[PDB]
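All remarks here apply to the structure that follows.
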Amino acid sequence: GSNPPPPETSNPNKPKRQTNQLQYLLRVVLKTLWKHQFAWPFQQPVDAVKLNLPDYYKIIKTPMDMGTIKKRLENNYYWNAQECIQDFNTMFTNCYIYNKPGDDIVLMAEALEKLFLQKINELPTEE
Ligand SMILES: COc1ccc(Br)cc1S(=O)(=O)Nc1cc2c(C)noc2cc1C
Ligand code: NA
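Each residue of the sequence shown is one higher than the last, beginning at 42 in the authors' numbering.
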């Protein structure tokens, strides 16, 4: 099999803006997760060829990863924080759907998600 094209990170036609919440999502939330020991499987799109996962994109039709999120935040791709939060949720959910409870990778996703939710509790109010 082949890999699909990765998710877009800019789109002229998609409404986009900067908000202080989205700034916080990049500067604090993404940065804290990116540097965590458990970040490595989630720092780029799943490469189903190199990782030998020929069923991955048979099961997962809405892929998402932190590399894509980082680029989207750097490009001010989002209209609001909720759109960015939804991308993180998709990334975690995909891991839980494709794998099994207790799997090494699921336990890592669960730890990152816990940290994510802690950091998102301190999301400042919007301007
Ligand atoms: C067998 O490959 C493993 C085993 C344990 C861990 Br933790 C990670 C891998 S892997 O080489 O990153 N392959 C892999 C990646 C993902 C991603 C991303 N989402 O679900 C996955 C499942 C596997 C096996
Ligand atoms: Na599952």
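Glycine included, every Cβ here is placed at the ideal spot set by N, Cα and C.
Taking just the CA atoms, how far does residue 126 sit from residue 70?
Approximately 10 Å between the Cα atoms of the pair.
Reduced DSSP secondary structure (H/G/I, E/B, other) of residue 111
helix
Under a Cβ-count criterion, where at least 16 other Cβ atoms within 10 Å of its own Cβ denotes burial, should residue 96 be classed as buried or exposed?
Exposed, by the Cβ-count rule.
Residues near residue 133 in its chain [Cβ-Cβ closer than 6 Å; skip 5 each side]
150, 154
Would you identify the three-state DSSP class for residue 58, choosing helix, strand or coil?
Of the three classes helix, strand and coil, the one that applies to residue 58 here is coil, per DSSP.
As a quick check of your reading: which residues have a C-beta less than 7 Å from at least one non-hydrogen atom of ligand 2, in chain order?
Checking every Cβ against the heavy atoms of ligand 2 under 7 Å gives 137, 138, 139, 140, 141.
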